[PDB]
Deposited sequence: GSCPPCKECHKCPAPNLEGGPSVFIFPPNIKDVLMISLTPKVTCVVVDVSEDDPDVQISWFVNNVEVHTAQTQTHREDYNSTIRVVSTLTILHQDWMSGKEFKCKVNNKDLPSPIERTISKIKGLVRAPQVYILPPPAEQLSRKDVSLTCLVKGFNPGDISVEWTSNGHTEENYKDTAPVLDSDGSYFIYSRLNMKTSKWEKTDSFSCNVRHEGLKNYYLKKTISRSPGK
């Protein structure tokens, strides 16, 4: 099982994108797994390989942002089983981003839900985060991307907070990262 870099790591220059390779069906008694890595059929050697057991091996290769956006191949040979991967050149739609205030009948609770609706995007790889007055907000969950009737994706994110914070805080921000966006970054803010 081979895996692409996290979309946020790829789009942000301040982050380190990693292609991951995981080996299934491995015993605890013979754990020596030799894993090689190739970038466009050229062997690289900077891969981090740690072990785990249920046994599976997670080999992590660090990659250049541009080399994934340019769609180079990334194969990991295992001994031999070989899995490659790259970025699909597909349709690209940028996301529409809306913030929905809490439902009125929730404003008499202890907690309120701030909802971010991000829709109409292609491909389905997206990153949604929350801030308030520039500080990181950690108390949130998001749905998986869902395919919409028109062939695009939408996602909801719910930032959960004490009602005190909702009433006393100046602003909250939905921060979206997607390849359809200029600079791969957009910030929507509500007061």
What ranges of the deposited sequence are left out of this structure?
-> 1 to 23, 78 to 82, 108 to 113, 226 to 230
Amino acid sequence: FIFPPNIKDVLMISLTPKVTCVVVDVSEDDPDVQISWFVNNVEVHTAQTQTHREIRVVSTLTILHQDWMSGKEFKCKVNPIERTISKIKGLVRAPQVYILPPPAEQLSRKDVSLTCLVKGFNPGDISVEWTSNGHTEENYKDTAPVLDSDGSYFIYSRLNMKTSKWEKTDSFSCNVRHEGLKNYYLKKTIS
From here on, numbers count along this sequence of modelled residues.
Out of 15 to 23 and 175 to 183, which stretch has the higher average CA B-factor listed in the record?
-> 15 to 23
Do the C-alpha atoms of 44 to 52 or of 147 to 155 have the higher average B factor in the entry?
-> 44 to 52
Would you mind checking which of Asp142, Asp125, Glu137, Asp30 has the top Cα temperature factor in the PDB entry?
-> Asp30
Reading the B-factor column of the entry, which of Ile81, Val97, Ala94, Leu114 has the highest value at its C-alpha atom?
-> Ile81
Determine, from the deposited record, the chain-internal third of the Cα B-factor for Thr60: lowest, middle or highest.
-> middle
State the tercile, meaning the lowest, middle or highest third, of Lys119 with respect to the CA B-factors recorded for its chain.
-> lowest
Sort the modelled residues of this chain by their C-alpha B factor and say whether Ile190 lands in the lowest, middle or highest third.
-> middle
Select lowest, middle or highest to describe the third in which the CA B-factor of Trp166 falls within its chain in this entry.
-> middle
Ranked by Cα temperature factor within the chain, is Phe38 in the lowest third, the middle third or the highest third?
-> highest
